[PDB]
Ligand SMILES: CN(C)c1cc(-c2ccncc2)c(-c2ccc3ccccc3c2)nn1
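Just the one chain here, the form solved without this ligand, laid out as structure tokens.
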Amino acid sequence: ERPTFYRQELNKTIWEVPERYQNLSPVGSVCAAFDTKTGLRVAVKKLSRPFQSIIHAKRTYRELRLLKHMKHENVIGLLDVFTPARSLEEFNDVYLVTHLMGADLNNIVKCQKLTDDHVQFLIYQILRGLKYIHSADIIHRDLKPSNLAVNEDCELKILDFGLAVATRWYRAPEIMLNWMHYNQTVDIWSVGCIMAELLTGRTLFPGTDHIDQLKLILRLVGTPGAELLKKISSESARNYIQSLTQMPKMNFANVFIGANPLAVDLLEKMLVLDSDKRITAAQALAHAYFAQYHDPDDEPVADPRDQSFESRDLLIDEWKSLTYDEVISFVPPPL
């Protein structure tokens, strides 16, 4: 079963991969390549210093376990995870493979004009992915147009977590403020931002820094009431924003002109300041805007994940060894 490998140097390091992967070419760290096995293009990444230390080794372990768990049409999946190591002593390097998708929301929104119909389809698919991820007790904290890949048949996948500045544009405000603990609806904020952009062709909130970012948000959704108070995040953050000048809530129908009234009704549930009042992925899926696609029996949740490890105090070589095993025991997606 063991594949045949080959070495090569690639920008200050040796890559040692199976020969089904041809024409490795870097974007770092990461390489794009072509899989002669599946006839498709792929992305390959080699972790750096997986086992730097107790801290890293265990994070490596947790991240790998998380990634092999991801099994959903709208979410990225492992094609392959391999080591050139033939045994534990020489075990230091881990390599990951997924499909290299073709296009992303960023580049398609730059040059095709979407209709209300395209948008429903697209956003449906993100929501479908989000719900799965969320169900897995995971918060993407970084959804954005370039995190969202699509292929020729218009299938969309979310990509950008547990792995790898050009945008605070999609960040929930509470993340601007350093809330230190987050609701999953942070992502929902990003989703409304992305939808607005797909509808209008342009960025909803193109701030040039953290503070300017808040100001733009406040110009659309309105200054909040004394729920400023329940931000003992930072007295000086609190005061700072209390100092801002006050803005009325804009009516979304008068901002998103020509849009499907169902679509405007959705944004208004997603672009809400209080994370406690944002609609969740699950509810968004049922919104009448998606009537054409909604199918409650076809919008699956993630299965239970065993996370015993997270508490155990292990030395580095124990952590390294639990990693070796997950490598060994990776079983590939069919076809």
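Note that residue numbering begins at 1 and tracks the sequence as displayed.
**Student:** Does the entry skip any residues of the deposited sequence between residue 28 and residue 29, and if so, is it 1 to 3, 4 to 9, or 10 or more, or none at all?
**Tutor:** 4 to 9 residues are missing.
**Student:** Residues without coordinates, deposited sequence, stretch from residue 111 to residue 112: is the count none, 1 to 3, 4 to 9, or 10 or more?
**Tutor:** Per the record, no deposited residues are absent between residue 111 and residue 112.
**Student:** Do the CA atoms of 111-119 or those of 183-191 have the higher mean B-factor in the entry?
**Tutor:** Per the PDB record, 111-119.
**Student:** Between 293-301 and 263-271, which has the larger average Cα B-factor in the PDB entry?
**Tutor:** It is 293-301 that shows the higher mean C-alpha B-factor.
**Student:** Report the option among 68, 278, 46, 37 whose CA atom has the maximum B-factor in the deposited record.
**Tutor:** 37 has the highest C-alpha B-factor of those listed.
**Student:** Hey, out of 174, 153, 80, 197, whose CA B-factor is highest in the deposited coordinates?
**Tutor:** If I rank 174, 153, 80, 197 by C-alpha B-factor, first place goes to 153.
**Student:** What third of the chain, by the recorded C-alpha B-factor, contains residue 56?
**Tutor:** Its C-alpha B-factor belongs to the highest third of this chain's values.
**Student:** Compared with the other modelled residues in the chain, in which third is the CA B-factor of residue 204?
**Tutor:** Lowest third.
**Student:** Quick check for you: using the entry's CA B-factors within this chain, is residue 92 in the lowest, middle or highest third?
**Tutor:** CA B-factor rank for residue 92: highest third.
**Student:** Once the chain's modelled residues are ordered by C-alpha B factor and cut into thirds, is residue 16 in the lowest, middle or highest one?
**Tutor:** Middle third by C-alpha B-factor.
**Student:** Which third, lowest, middle or highest, does the CA B-factor of residue 76 fall in along this chain?
**Tutor:** Middle third - that is where residue 76 ends up once the chain's C-alpha B-factors are sorted.
Heads up, the form deposited with this ligand bound isn't pictured, but that's what we're talking about next.
**Student:** Is there a clash that blocks the site, or is it open, when this ligand is superposed from its pose in the bound PDB entry and ligand atoms are checked against a 2.4 Å limit to backbone and C-beta atoms, 3 or more counting as blocked?
**Tutor:** Site status blocked, 3 or more atoms under the 2.4 Å cut.
**Student:** Quick check for you: of 82-90, 199-207, 95-103, 260-268, which stretch puts a non-hydrogen atom within 4.5 Å of this ligand in the bound PDB entry?
**Tutor:** Among the listed stretches, the partner-contacting one is 95-103.
**Student:** Could you confirm whether residue 285 comes within 4.5 Å of this ligand in the bound PDB entry, counting heavy atoms only?
**Tutor:** Residue 285 lies outside the contact set for this ligand.
**Student:** State yes or no: in the bound PDB entry, is some non-hydrogen atom of residue 302 no more than 4.5 angstroms from a non-hydrogen atom of this ligand?
**Tutor:** Looking in the bound PDB entry, residue contacts with this ligand do not include residue 302, since no heavy atom lies within 4.5 Å.
**Student:** Would residue 54 count as touching this ligand in the bound PDB entry under a 4.5 Å heavy atom rule?
**Tutor:** Taking the distances in the bound PDB entry, the answer for residue 54 is no, it never comes within 4.5 Å of this ligand.
**Student:** Do residue 294 and this ligand share at least one heavy atom pair within 4.5 Å in the bound PDB entry?
**Tutor:** Although this ligand is absent here, residue 294 would stay clear of it in the bound PDB entry, with no heavy atoms inside 4.5 Å.
**Student:** Note that this ligand is not shown here; using its position in the bound PDB entry, name the residues of 67-89 with a heavy atom within 4.5 Å of it, in sequence order.
**Tutor:** Stretch hits, in order: 67, 76, 77, 78.
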